[PDB]
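Visitor: Handing you this structure, nothing more for now.
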Amino acid sequence: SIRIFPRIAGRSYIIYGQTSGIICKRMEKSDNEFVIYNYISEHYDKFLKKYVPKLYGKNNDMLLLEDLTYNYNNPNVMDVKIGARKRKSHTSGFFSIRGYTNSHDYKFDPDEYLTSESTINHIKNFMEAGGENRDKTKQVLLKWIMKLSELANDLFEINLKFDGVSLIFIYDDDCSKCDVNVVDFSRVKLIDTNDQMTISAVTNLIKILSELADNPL
Ligand SMILES: O=P(O)(O)O[C@@H]1[C@@H](OP(=O)(O)O)[C@@H](OP(=O)(O)O)[C@@H](O)[C@H](OP(=O)(O)O)[C@H]1OP(=O)(O)O
Ligand SMILES: Nc1ncnc2c1ncn2[C@@H]1O[C@H](COP(=O)(O)OP(=O)(O)O)[C@@H](O)[C@H]1O
Ligand SMILES: [Mg+2]
């Protein structure tokens, strides 16, 4: 019995693993994603441990990846592309929200270019599922800011172009647990400097989330 994994975005074949806590992702165009996990493992092991789901193995053209939603009763997931898009410019300036849990209920369209005001409204839409205890939703926002802060810092010292990578924001309905990790290395490339487009995406999100944690309404 093959069980299809409930993606929030993208074109890739992702099924639940035969086993608890794993998803399998088909590398469709090349094994570049595998080359890149293994390169980050050699040269930036600390970055891998803190910010990337664990790669457990490869089976032909499938990566056996840590399921980021596994320890969640009621996960809310949001995919934000922070790396360069292939051709298009970003739908929210420095980044592109690709989807989120219940996005359909707020007539979210991934092809729509958004104002600052609309971008913030879509992130606020993503947080509705967390209920109205604004104390525990601030805690979710702050714990995301804590890890994005460190990621923006660490990214200055990493000589990769993160073309096409996303942040996966997760929080539980009861707001008791949350996390953000970096995924989708299939178009990442080696370069001789750091990636300022990707750092500006993260710093922008940190700005947006800070505004929400401080906003007193
Ligand atoms: O966002 P870019 O421009 O890079 O390409 C995107 C592409 O978007 P498009 O070429 O703008 O239509 C997406 O197609 P849909 O939006 O699902 O129709 C695709 O599904 C990957 O989007 P996701 O990363 O959201 O899947 C891909 O990205 P990649 O993995 O870099 O080939
Ligand atoms: N390790 C993971 N744990 C949980 N969900 C994941 C994981 N990796 C990817 N996903 C889900 O799959 C979607 C797309 O994955 P991604 O790596 O961006 O692949 P693609 O190359 O198809 O865009 C994300 O929006 C997310 O919901
Ligand atoms: Mg992707």
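Following the order of the structure tokens, chains are lettered A, B, ..., residues in each are numbered from 1, and ligands are numbered from 1.
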Within 8 Å of stretch 151-168 of chain A, counting only C-alpha atoms, which residues show up once you throw out same-chain ones fewer than 5 positions away? Write them as a PyMOL selection string, please.

Guide: chain A and resi 44+47+51+77-86+180-195+198-199+202-203

Visitor: Write out, as JSON lines, each residue of chain A that has an atom at most 10 Å from ligand 2, together with the closest pair of atoms and their distance in Å to one decimal, counting only C-alpha atoms and all ligand atoms, rows going by chain and rising number.

Guide:
{"residue": "A:5", "atom": "CA", "partner": "ligand 2", "partner_atom_place_in_ligand_line": "11 (C)", "distance": 7.9}
{"residue": "A:6", "atom": "CA", "partner": "ligand 2", "partner_atom_place_in_ligand_line": "27 (O)", "distance": 6.8}
{"residue": "A:7", "atom": "CA", "partner": "ligand 2", "partner_atom_place_in_ligand_line": "27 (O)", "distance": 4.1}
{"residue": "A:8", "atom": "CA", "partner": "ligand 2", "partner_atom_place_in_ligand_line": "25 (O)", "distance": 4.0}
{"residue": "A:9", "atom": "CA", "partner": "ligand 2", "partner_atom_place_in_ligand_line": "25 (O)", "distance": 4.0}
{"residue": "A:10", "atom": "CA", "partner": "ligand 2", "partner_atom_place_in_ligand_line": "23 (O)", "distance": 3.9}
{"residue": "A:11", "atom": "CA", "partner": "ligand 2", "partner_atom_place_in_ligand_line": "22 (O)", "distance": 4.7}
{"residue": "A:12", "atom": "CA", "partner": "ligand 2", "partner_atom_place_in_ligand_line": "22 (O)", "distance": 3.7}
{"residue": "A:13", "atom": "CA", "partner": "ligand 2", "partner_atom_place_in_ligand_line": "22 (O)", "distance": 7.1}
{"residue": "A:14", "atom": "CA", "partner": "ligand 2", "partner_atom_place_in_ligand_line": "12 (O)", "distance": 7.0}
{"residue": "A:15", "atom": "CA", "partner": "ligand 2", "partner_atom_place_in_ligand_line": "12 (O)", "distance": 9.8}
{"residue": "A:16", "atom": "CA", "partner": "ligand 2", "partner_atom_place_in_ligand_line": "4 (C)", "distance": 9.8}
{"residue": "A:21", "atom": "CA", "partner": "ligand 2", "partner_atom_place_in_ligand_line": "3 (N)", "distance": 9.0}
{"residue": "A:22", "atom": "CA", "partner": "ligand 2", "partner_atom_place_in_ligand_line": "1 (N)", "distance": 7.9}
{"residue": "A:23", "atom": "CA", "partner": "ligand 2", "partner_atom_place_in_ligand_line": "1 (N)", "distance": 6.8}
{"residue": "A:24", "atom": "CA", "partner": "ligand 2", "partner_atom_place_in_ligand_line": "1 (N)", "distance": 8.8}
{"residue": "A:25", "atom": "CA", "partner": "ligand 2", "partner_atom_place_in_ligand_line": "19 (O)", "distance": 7.6}
{"residue": "A:26", "atom": "CA", "partner": "ligand 2", "partner_atom_place_in_ligand_line": "22 (O)", "distance": 8.6}
{"residue": "A:27", "atom": "CA", "partner": "ligand 2", "partner_atom_place_in_ligand_line": "21 (O)", "distance": 8.0}
{"residue": "A:28", "atom": "CA", "partner": "ligand 2", "partner_atom_place_in_ligand_line": "21 (O)", "distance": 8.5}
{"residue": "A:29", "atom": "CA", "partner": "ligand 2", "partner_atom_place_in_ligand_line": "21 (O)", "distance": 9.8}
{"residue": "A:33", "atom": "CA", "partner": "ligand 2", "partner_atom_place_in_ligand_line": "21 (O)", "distance": 9.0}
{"residue": "A:52", "atom": "CA", "partner": "ligand 2", "partner_atom_place_in_ligand_line": "1 (N)", "distance": 8.0}
{"residue": "A:53", "atom": "CA", "partner": "ligand 2", "partner_atom_place_in_ligand_line": "1 (N)", "distance": 5.2}
{"residue": "A:54", "atom": "CA", "partner": "ligand 2", "partner_atom_place_in_ligand_line": "1 (N)", "distance": 7.7}
{"residue": "A:55", "atom": "CA", "partner": "ligand 2", "partner_atom_place_in_ligand_line": "1 (N)", "distance": 8.6}
{"residue": "A:63", "atom": "CA", "partner": "ligand 2", "partner_atom_place_in_ligand_line": "1 (N)", "distance": 9.8}
{"residue": "A:64", "atom": "CA", "partner": "ligand 2", "partner_atom_place_in_ligand_line": "1 (N)", "distance": 8.8}
{"residue": "A:65", "atom": "CA", "partner": "ligand 2", "partner_atom_place_in_ligand_line": "1 (N)", "distance": 5.3}
{"residue": "A:66", "atom": "CA", "partner": "ligand 2", "partner_atom_place_in_ligand_line": "1 (N)", "distance": 4.9}
{"residue": "A:67", "atom": "CA", "partner": "ligand 2", "partner_atom_place_in_ligand_line": "3 (N)", "distance": 3.8}
{"residue": "A:68", "atom": "CA", "partner": "ligand 2", "partner_atom_place_in_ligand_line": "3 (N)", "distance": 3.7}
{"residue": "A:69", "atom": "CA", "partner": "ligand 2", "partner_atom_place_in_ligand_line": "4 (C)", "distance": 5.4}
{"residue": "A:70", "atom": "CA", "partner": "ligand 2", "partner_atom_place_in_ligand_line": "4 (C)", "distance": 7.8}
{"residue": "A:76", "atom": "CA", "partner": "ligand 2", "partner_atom_place_in_ligand_line": "27 (O)", "distance": 9.7}
{"residue": "A:77", "atom": "CA", "partner": "ligand 2", "partner_atom_place_in_ligand_line": "27 (O)", "distance": 6.4}
{"residue": "A:78", "atom": "CA", "partner": "ligand 2", "partner_atom_place_in_ligand_line": "25 (O)", "distance": 6.9}
{"residue": "A:79", "atom": "CA", "partner": "ligand 2", "partner_atom_place_in_ligand_line": "25 (O)", "distance": 4.8}
{"residue": "A:80", "atom": "CA", "partner": "ligand 2", "partner_atom_place_in_ligand_line": "25 (O)", "distance": 8.1}
{"residue": "A:81", "atom": "CA", "partner": "ligand 2", "partner_atom_place_in_ligand_line": "18 (O)", "distance": 8.1}
{"residue": "A:97", "atom": "CA", "partner": "ligand 2", "partner_atom_place_in_ligand_line": "25 (O)", "distance": 9.8}
{"residue": "A:98", "atom": "CA", "partner": "ligand 2", "partner_atom_place_in_ligand_line": "25 (O)", "distance": 7.3}
{"residue": "A:99", "atom": "CA", "partner": "ligand 2", "partner_atom_place_in_ligand_line": "25 (O)", "distance": 7.0}
{"residue": "A:100", "atom": "CA", "partner": "ligand 2", "partner_atom_place_in_ligand_line": "25 (O)", "distance": 8.0}
{"residue": "A:101", "atom": "CA", "partner": "ligand 2", "partner_atom_place_in_ligand_line": "27 (O)", "distance": 9.1}
{"residue": "A:164", "atom": "CA", "partner": "ligand 2", "partner_atom_place_in_ligand_line": "23 (O)", "distance": 7.9}
{"residue": "A:165", "atom": "CA", "partner": "ligand 2", "partner_atom_place_in_ligand_line": "18 (O)", "distance": 6.7}
{"residue": "A:166", "atom": "CA", "partner": "ligand 2", "partner_atom_place_in_ligand_line": "18 (O)", "distance": 6.0}
{"residue": "A:167", "atom": "CA", "partner": "ligand 2", "partner_atom_place_in_ligand_line": "18 (O)", "distance": 8.5}
{"residue": "A:168", "atom": "CA", "partner": "ligand 2", "partner_atom_place_in_ligand_line": "26 (C)", "distance": 6.4}
{"residue": "A:169", "atom": "CA", "partner": "ligand 2", "partner_atom_place_in_ligand_line": "27 (O)", "distance": 9.2}
{"residue": "A:170", "atom": "CA", "partner": "ligand 2", "partner_atom_place_in_ligand_line": "4 (C)", "distance": 9.2}
{"residue": "A:181", "atom": "CA", "partner": "ligand 2", "partner_atom_place_in_ligand_line": "1 (N)", "distance": 8.4}
{"residue": "A:182", "atom": "CA", "partner": "ligand 2", "partner_atom_place_in_ligand_line": "17 (O)", "distance": 8.7}
{"residue": "A:183", "atom": "CA", "partner": "ligand 2", "partner_atom_place_in_ligand_line": "17 (O)", "distance": 5.0}
{"residue": "A:184", "atom": "CA", "partner": "ligand 2", "partner_atom_place_in_ligand_line": "17 (O)", "distance": 3.6}
{"residue": "A:185", "atom": "CA", "partner": "ligand 2", "partner_atom_place_in_ligand_line": "17 (O)", "distance": 7.3}
{"residue": "A:186", "atom": "CA", "partner": "ligand 2", "partner_atom_place_in_ligand_line": "21 (O)", "distance": 6.4}
{"residue": "A:187", "atom": "CA", "partner": "ligand 2", "partner_atom_place_in_ligand_line": "21 (O)", "distance": 8.7}

Visitor: For a quick check of understanding, using only C-alpha atoms, which of A:200, A:107, A:141, A:216 has the smallest distance to residue A:95?

Guide: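 Closest residue, counting only C-alpha atoms: A:200.
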
Visitor: Provide the atom CA of residue A:89 to atom CA of residue A:122 distance in Å, to one decimal place.

Guide: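 For atom CA of residue A:89 relative to atom CA of residue A:122, the distance reads 18.7 Å.
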
Visitor: As an MDAnalysis selection string, please: all residues of chain A that backbone DSSP puts in helix (DSSP H, G or I).

Guide: chainID A and resid 32:43 45:51 103:106 116:130 134:155 196:214

Visitor: Please list as a list in words every residue within 9 Å of residue A:209, counting only C-alpha atoms and excluding residues in the same chain fewer than 2 positions away.

Guide: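 Surrounding residues, per the criterion: residues 120, 123, 141, 142, 144, 145, 204, 205, 206, 207, 211, 212, 213 and 214 of chain A.
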
Visitor: With distances taken over only C-alpha atoms and all ligand atoms, which of A:88, A:174, A:49, A:115 is nearest to ligand 1?

Guide: A:88

Visitor: For residue A:118, which of A:75, A:17, A:57, A:93 is the closest residue, counting only C-alpha atoms?

Guide: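 Between A:75, A:17, A:57, A:93, the residue approaching residue A:118 most closely is A:93.
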
Visitor: Between atom CA of residue A:175 and atom CA of residue A:137, what is the spacing in Å?

Guide: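 Between these atoms lies a distance of 6.4 Å.
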
Visitor: I need the strand (DSSP E) residues of stretch 36-162 of chain A per DSSP on the backbone, written as a PDB file with N, CA, C and O atoms, in the first residue's frame.

Guide:
ATOM      1  N   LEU A  55      18.773  13.395   6.051  1.00  0.00           N
ATOM      2  CA  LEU A  55      18.809  12.380   4.986  1.00  0.00           C
ATOM      3  C   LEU A  55      19.258  11.071   5.640  1.00  0.00           C
ATOM      4  O   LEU A  55      20.366  11.051   6.234  1.00  0.00           O
ATOM      5  N   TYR A  56      18.428  10.028   5.566  1.00  0.00           N
ATOM      6  CA  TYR A  56      18.717   8.697   6.168  1.00  0.00           C
ATOM      7  C   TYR A  56      19.382   7.782   5.136  1.00  0.00           C
ATOM      8  O   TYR A  56      20.182   6.912   5.529  1.00  0.00           O
ATOM      9  N   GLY A  57      19.021   7.941   3.862  1.00  0.00           N
ATOM     10  CA  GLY A  57      19.507   7.056   2.795  1.00  0.00           C
ATOM     11  C   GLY A  57      18.953   7.420   1.437  1.00  0.00           C
ATOM     12  O   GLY A  57      18.111   8.355   1.341  1.00  0.00           O
ATOM     13  N   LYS A  58      19.442   6.711   0.422  1.00  0.00           N
ATOM     14  CA  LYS A  58      18.962   6.791  -0.970  1.00  0.00           C
ATOM     15  C   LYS A  58      18.564   5.381  -1.396  1.00  0.00           C
ATOM     16  O   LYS A  58      19.258   4.413  -1.032  1.00  0.00           O
ATOM     17  N   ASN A  59      17.461   5.286  -2.127  1.00  0.00           N
ATOM     18  CA  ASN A  59      16.953   4.022  -2.705  1.00  0.00           C
ATOM     19  C   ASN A  59      16.621   4.306  -4.165  1.00  0.00           C
ATOM     20  O   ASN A  59      15.554   4.941  -4.403  1.00  0.00           O
ATOM     21  N   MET A  62      14.981   7.729  -4.989  1.00  0.00           N
ATOM     22  CA  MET A  62      14.248   8.294  -3.825  1.00  0.00           C
ATOM     23  C   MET A  62      15.240   8.635  -2.691  1.00  0.00           C
ATOM     24  O   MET A  62      16.140   7.799  -2.378  1.00  0.00           O
ATOM     25  N   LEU A  63      15.071   9.812  -2.083  1.00  0.00           N
ATOM     26  CA  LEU A  63      15.756  10.207  -0.829  1.00  0.00           C
ATOM     27  C   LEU A  63      14.838   9.836   0.335  1.00  0.00           C
ATOM     28  O   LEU A  63      13.668  10.215   0.297  1.00  0.00           O
ATOM     29  N   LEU A  64      15.356   9.120   1.331  1.00  0.00           N
ATOM     30  CA  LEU A  64      14.598   8.815   2.563  1.00  0.00           C
ATOM     31  C   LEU A  64      14.878   9.949   3.549  1.00  0.00           C
ATOM     32  O   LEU A  64      15.997  10.048   4.035  1.00  0.00           O
ATOM     33  N   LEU A  65      13.885  10.791   3.788  1.00  0.00           N
ATOM     34  CA  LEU A  65      14.041  12.084   4.483  1.00  0.00           C
ATOM     35  C   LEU A  65      13.238  12.037   5.767  1.00  0.00           C
ATOM     36  O   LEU A  65      12.220  11.373   5.768  1.00  0.00           O
ATOM     37  N   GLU A  66      13.707  12.746   6.790  1.00  0.00           N
ATOM     38  CA  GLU A  66      12.962  12.955   8.051  1.00  0.00           C
ATOM     39  C   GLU A  66      11.637  13.623   7.713  1.00  0.00           C
ATOM     40  O   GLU A  66      11.667  14.617   6.991  1.00  0.00           O
ATOM     41  N   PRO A  75      -0.568  19.337  12.449  1.00  0.00           N
ATOM     42  CA  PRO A  75       0.446  20.228  11.912  1.00  0.00           C
ATOM     43  C   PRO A  75      -0.227  21.273  11.024  1.00  0.00           C
ATOM     44  O   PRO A  75      -1.132  20.941  10.309  1.00  0.00           O
ATOM     45  N   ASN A  76       0.242  22.514  11.116  1.00  0.00           N
ATOM     46  CA  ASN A  76       0.012  23.554  10.087  1.00  0.00           C
ATOM     47  C   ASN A  76       1.351  23.769   9.382  1.00  0.00           C
ATOM     48  O   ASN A  76       2.348  24.007  10.069  1.00  0.00           O
ATOM     49  N   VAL A  77       1.379  23.619   8.060  1.00  0.00           N
ATOM     50  CA  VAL A  77       2.619  23.753   7.255  1.00  0.00           C
ATOM     51  C   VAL A  77       2.454  24.921   6.294  1.00  0.00           C
ATOM     52  O   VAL A  77       1.361  25.044   5.723  1.00  0.00           O
ATOM     53  N   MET A  78       3.520  25.710   6.127  1.00  0.00           N
ATOM     54  CA  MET A  78       3.650  26.804   5.130  1.00  0.00           C
ATOM     55  C   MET A  78       4.995  26.650   4.418  1.00  0.00           C
ATOM     56  O   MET A  78       6.038  26.479   5.120  1.00  0.00           O
ATOM     57  N   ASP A  79       4.974  26.691   3.083  1.00  0.00           N
ATOM     58  CA  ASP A  79       6.187  26.556   2.243  1.00  0.00           C
ATOM     59  C   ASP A  79       6.475  27.960   1.750  1.00  0.00           C
ATOM     60  O   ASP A  79       5.566  28.546   1.161  1.00  0.00           O
ATOM     61  N   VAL A  80       7.658  28.494   2.040  1.00  0.00           N
ATOM     62  CA  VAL A  80       8.090  29.829   1.536  1.00  0.00           C
ATOM     63  C   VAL A  80       9.381  29.636   0.752  1.00  0.00           C
ATOM     64  O   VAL A  80      10.364  29.201   1.346  1.00  0.00           O
ATOM     65  N   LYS A  81       9.372  29.928  -0.546  1.00  0.00           N
ATOM     66  CA  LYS A  81      10.589  29.837  -1.393  1.00  0.00           C
ATOM     67  C   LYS A  81      11.421  31.075  -1.092  1.00  0.00           C
ATOM     68  O   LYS A  81      10.917  32.158  -1.328  1.00  0.00           O
ATOM     69  N   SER A  96       8.641  34.055  -1.887  1.00  0.00           N
ATOM     70  CA  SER A  96       7.350  33.611  -2.474  1.00  0.00           C
ATOM     71  C   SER A  96       6.750  32.513  -1.597  1.00  0.00           C
ATOM     72  O   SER A  96       7.343  31.420  -1.523  1.00  0.00           O
ATOM     73  N   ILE A  97       5.652  32.820  -0.912  1.00  0.00           N
ATOM     74  CA  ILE A  97       4.772  31.816  -0.262  1.00  0.00           C
ATOM     75  C   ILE A  97       4.234  30.931  -1.381  1.00  0.00           C
ATOM     76  O   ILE A  97       3.650  31.482  -2.322  1.00  0.00           O
ATOM     77  N   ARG A  98       4.502  29.628  -1.310  1.00  0.00           N
ATOM     78  CA  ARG A  98       4.092  28.627  -2.325  1.00  0.00           C
ATOM     79  C   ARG A  98       2.814  27.943  -1.864  1.00  0.00           C
ATOM     80  O   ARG A  98       2.096  27.434  -2.719  1.00  0.00           O
ATOM     81  N   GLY A  99       2.541  27.940  -0.564  1.00  0.00           N
ATOM     82  CA  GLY A  99       1.264  27.412  -0.053  1.00  0.00           C
ATOM     83  C   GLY A  99       1.252  27.364   1.451  1.00  0.00           C
ATOM     84  O   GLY A  99       2.325  27.601   2.064  1.00  0.00           O
ATOM     85  N   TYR A 100       0.098  27.031   2.027  1.00  0.00           N
ATOM     86  CA  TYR A 100      -0.008  26.731   3.476  1.00  0.00           C
ATOM     87  C   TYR A 100      -1.321  26.007   3.775  1.00  0.00           C
ATOM     88  O   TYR A 100      -2.251  26.124   3.002  1.00  0.00           O
ATOM     89  N   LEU A 160      27.310  28.797  -0.920  1.00  0.00           N
ATOM     90  CA  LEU A 160      26.360  28.098  -1.814  1.00  0.00           C
ATOM     91  C   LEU A 160      25.355  29.128  -2.319  1.00  0.00           C
ATOM     92  O   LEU A 160      25.028  30.017  -1.541  1.00  0.00           O
ATOM     93  N   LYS A 161      24.879  28.975  -3.557  1.00  0.00           N
ATOM     94  CA  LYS A 161      23.689  29.695  -4.080  1.00  0.00           C
ATOM     95  C   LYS A 161      22.479  28.789  -3.839  1.00  0.00           C
ATOM     96  O   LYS A 161      22.410  27.720  -4.459  1.00  0.00           O
TER      97      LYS A 161
END
